[PDB]
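Have a look at the structure below before the remarks.
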Amino acid sequence: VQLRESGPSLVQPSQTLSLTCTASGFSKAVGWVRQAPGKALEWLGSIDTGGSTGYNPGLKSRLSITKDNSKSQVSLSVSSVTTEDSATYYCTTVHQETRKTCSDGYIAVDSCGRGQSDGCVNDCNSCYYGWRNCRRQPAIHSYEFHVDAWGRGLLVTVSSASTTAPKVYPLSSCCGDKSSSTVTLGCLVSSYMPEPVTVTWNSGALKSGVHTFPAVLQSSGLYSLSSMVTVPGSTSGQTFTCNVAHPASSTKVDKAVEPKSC
Amino acid sequence: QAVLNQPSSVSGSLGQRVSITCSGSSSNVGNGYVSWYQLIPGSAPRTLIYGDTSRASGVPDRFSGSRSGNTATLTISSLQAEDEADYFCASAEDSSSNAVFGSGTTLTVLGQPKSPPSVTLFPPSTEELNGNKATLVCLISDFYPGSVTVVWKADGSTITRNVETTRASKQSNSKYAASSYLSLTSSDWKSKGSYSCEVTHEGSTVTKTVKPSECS
């Protein structure tokens with residue numbers, strides 16, 4: 001079971017945000033959850049196997065969810081977006097069931113065998129004979145919800161700003177600046193907008209010893225982040241190339257990072 | 001809409017136990033099907049509990065859910081460093097397709113060992129310098145607790161402008177990482193004798209310095 005969100009990482013205010021989820025390893029109800037930065041998880045809506053949709057009441061007038069079983073995909077649409085709609089959007093599989101029950105030590109009149117079928121009573125004999133201790137209630141509904149599987153999520157930023165692809169610079173220590181047994185190299189992913197960027201090393205073949213730091217936001221509105229890789233002094237002949245992908249601008253950059261020869 | 005009230009934050013000691021409450025009404029939490037989720041920044045939400053008490057697949061035994069009327073409780077025993085996270089309860093209301101989440105709880109795990117920051121300061125690259133700009137990058141890692149203050153210096157004096165420092169964020173080893181950026185012109189870079197990144201953590205300061213004329 002894997003869920004994969006796809007769509008734009010950048011949209012302008014007043015525009016319609018349109019997202020897609022790709023399901024694999026299954027055909028179960030699918031829902032959308034989001035989390036804006038600084039805020040709680042927030043329900044958006046879902047569509048089940050039968051194709052019925054349900055929405056967060058406070059957002060319903062702005063939402064639309066459809067599905068296509070052939071392509072095995074579910075769509076989400078959010079109208080008239082503002083900065084409040086900047087968030088990570090998660091595609092999910094959800095459990096949704098509605099079991100009719102009686103609230104306490106109340107049992108269905110159905111189960112009593114007489115009075116036929118109506119709602120609920122505290123005791124079959126008492127409410128059958130009409131004893132003073134009899135208590136009746138209507139049938140109540142118990143609604144079951146939970147999320148099974150989560151997608152990794154798609155970051156969406158609502159902004160009128162144009163995209164700016166990053167400038168990628170090599171990071172290497174000054175000469176003489178501590179030949180510890182381990183060397184540290186890196187890439188400065190400079191001055192981009194919006195988030196996110198993906199950084200790998202050696203086309204993703206190198207994962208061990210990699211440390212990618214969260215971005216800083218300059219007052220200019222442009223993000224910068226750094227990723228560094230540690231290298232033992234014993235190591236030789238290895239190349240280190242950081243691969244920087246920026247979906248908003250559809251750019252991928254490969255920067256070879258050399259230690260200074262000094 | 002509707003609100004499932006959680007404490008904004010809670011704390012428990014290592015190896016011990018902690019509880020997180022989720023208070024709602026009879027129309028949500030009272031439905032008797034509460035779920036719980038764990039949120040670690042930079043990671044997707046993870047389902048812990050559903051149907052009040054049922055653990056999701058892969059969830060350790062030390063996570064247990066319960067409910068008494070319109071208040072559910074998540075209980076975590078044998079606390080570990082990696083349990084530090086945000087926790088959200090949830091419940092349907094008036095419909096199985098109308099999910100309501102709680103206000104969220106941040107869990108701290110006390111009694112972990114203090115770890116000083118490891119500091120790495122990078123000079124501007126030749127490439128950047130050719131465009132008349134210079135960014136110094138101070139990378140800060142492996143510190144606990146997750147709070148540092150950064151001071152930049154030039155020739156021993158405090159730099160008071162063009163510094164940007166990230167918040168601390170948690171690493172895969174439950175320690176913290178952060179970074180600080182000093183934005184200069186290429187002329188600034190070459191003119192000063194030295195630049196320093198000073199990182200203070202629990203009253204102890206770690207300083208790395210670079211010298212432009214000797215950086216090559």
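Every number here is computed from the coordinates shown, using simple stated rules; none is lab data. Note that each Cβ is placed from the backbone with ideal geometry, even for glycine, and that neighbours are counted across all protein chains shown.
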Only residues that are farther than 28 Å from A:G38 by Cβ, of a type in the set (A, V, I, L, M, F, W, C) and touching a strand residue (DSSP E or B) at 6+ places or on another chain (Cβ under 9 Å): list them for region B:106-147, please.
-> B:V119, B:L121, B:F122, B:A134, B:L136
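For every residue, the table says whether it meets (1) more than 28 Å from A:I65 (Cβ to Cβ); (2) not in a strand (DSSP E or B).
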position	(1), (2)
B:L48	no, no
B:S66	yes, no
B:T75	yes, no
B:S78	yes, yes
B:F88	no, no
Answer with yes or no whether B:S68 is within 11 Å of chain A (Cβ to nearest Cβ), more than 28 Å from the chain's Cα centre (by Cα), surrounded by fewer than 20 Cβ atoms within 10 Å (Cβ to Cβ) and closer than 25 Å to A:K100 by Cβ.
-> no
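Does B:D86 qualify as being among the acidic types (D, E) and farther than 14 Å from A:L41 by Cα? Step through it out loud before you land on a result.
Details: among the acidic types (D, E): yes; farther than 14 Å from A:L41 by Cα: no.
Answer is no for this residue.
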Would a scan of region B:30-37 turn up a residue that is under 22 Å from A:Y55 (Cβ atoms), at the interface with another protein chain (Cβ under 9 Å from one of its Cβ atoms), assigned to a strand (DSSP E or B) and not small (G, A, S)?
-> yes
Could you tell me which residue of region A:30-58 is farthest from A:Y143 (Cα to Cα), considering only residues that are outside any strand (DSSP E or B) and at the interface with chain B (Cβ under 9 Å from one of its Cβ atoms)?
-> A:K39
Number of the exception - A:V210 against (1) within 13 Å of chain B (Cβ to nearest Cβ); (2) more than 14 Å from A:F240 (Cα to Cα) = (2)
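For region B:8-16, check the following and say yes or no: at least one residue is buried (at least 18 other Cβ atoms within 10 Å of the Cβ), within 22 Å of B:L110 (Cα to Cα) and within 11 Å of another protein chain (Cβ to nearest Cβ).
The initial filter retains those residues of region B:8-16 that are buried (at least 18 other Cβ atoms within 10 Å of the Cβ), namely B:12.
Next cut, within 22 Å of B:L110 (Cα to Cα) only: B:12.
Keeping just the survivors that are within 11 Å of another protein chain (Cβ to nearest Cβ) gives none.
Looking through region B:8-16, none of the residues is buried (at least 18 other Cβ atoms within 10 Å of the Cβ), within 22 Å of B:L110 (Cα to Cα) and within 11 Å of another protein chain (Cβ to nearest Cβ).
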Here are some residues: B:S174, B:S179. Which one is crowded, with 16+ Cβ neighbours inside 10 Å, within 12 Å of B:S141 (Cβ to Cβ) and hydroxyl-bearing (S, T, Y)?
-> B:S179
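Looking at B:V119, B:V206, B:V199, B:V150, can you tell me which residue is surrounded by fewer than 18 Cβ atoms within 10 Å (Cβ to Cβ) and either touching a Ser or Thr at 6+ places or on another chain (Cβ under 8 Å) or part of a strand (DSSP E or B) (or both)? If you could, list the steps in order and put the result at the bottom.
Details: B:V119 fails: surrounded by fewer than 18 Cβ atoms within 10 Å (Cβ to Cβ); B:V199 fails: surrounded by fewer than 18 Cβ atoms within 10 Å (Cβ to Cβ); B:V150 fails: surrounded by fewer than 18 Cβ atoms within 10 Å (Cβ to Cβ).
Result: B:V206 is the single residue among B:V119, B:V206, B:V199, B:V150 that is surrounded by fewer than 18 Cβ atoms within 10 Å (Cβ to Cβ) and either touching a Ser or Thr at 6+ places or on another chain (Cβ under 8 Å) or part of a strand (DSSP E or B) (or both).
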